[PDB]
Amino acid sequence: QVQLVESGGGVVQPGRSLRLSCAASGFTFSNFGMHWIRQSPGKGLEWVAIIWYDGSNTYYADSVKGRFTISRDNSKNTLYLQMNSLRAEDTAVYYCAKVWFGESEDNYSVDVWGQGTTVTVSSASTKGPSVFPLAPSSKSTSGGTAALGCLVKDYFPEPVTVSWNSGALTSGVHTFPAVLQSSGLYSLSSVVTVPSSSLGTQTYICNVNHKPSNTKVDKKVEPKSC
């Protein structure tokens, strides 16, 4: 059926530019208008721009006027968004969407969305995380269950992956969504609950992988005496 595939997202410094593209298939691209729509946790779903089937009329959200330009190549079935003078508040997942087929005297909106491409506007530089143990003790022990983990702190950009004992330990693992700190770096924890009787003899190691920096870190988590 209709398929839309975005590309071109990445990390960009404030004031620089980025060009997104959207490859369309499964429908006559040159017959339909197209939308760019973005989603950020702070502003929800937000329409960005529309272009006509023939590229004639273009319209833009007030918050991007003068900085963004929507365009299209009908011979290549491709939609484009040029983003200049980027700002932190432009950080979002950007989706292209196909205008639906409506009847002549009607308003219209979108029927099919792409899976999105992520744009991150930040002054932070690529950095692997520091990995610190979250040590079990009597203070993380309730009955026969103890909690332990790893703090994966001060990395940029997303994402990081965390495994335990090279993948042999999966039951009871919670890896939390990252929070963006006031420094502009991300931080998260990964924890696991285990039998309290295993502490001090069973080895527990968290394996942290941060592909943007090629960081791989194993951290052995040993109990404390309190």
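Note that residue numbering follows the sequence shown and begins at 1.
- prompt: On average, are the C-alpha B-factors higher in 14-22 or in 205-213?
  reply: Per the PDB entry, the higher value belongs to 14-22.
query: Out of 90-98 and 134-142, which stretch has the higher average CA B-factor listed in the record?
result: On average, C-alpha B-factors are higher across 134-142.
message: Among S123, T117, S109, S71, where is the Cα B factor highest in this entry?
response: That would be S123, according to the entry.
- request: Determine which member of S182, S196, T175, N165 has the highest CA B-factor, using the values in the deposited entry.
  value: Comparing C-alpha B-factors across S182, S196, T175, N165, the top value belongs to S182.
field: Chain thirds of CA B-factor: placement of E158
entry: Lowest third.
task: Taking the chain's C-alpha temperature factors as the reference, tell me which third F27 falls into: lowest, middle or highest.
output: Top third by C-alpha B-factor.
CA B-factor ranking of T170, expressed as a third of its chain: Its C-alpha B-factor belongs to the middle third of this chain's values.
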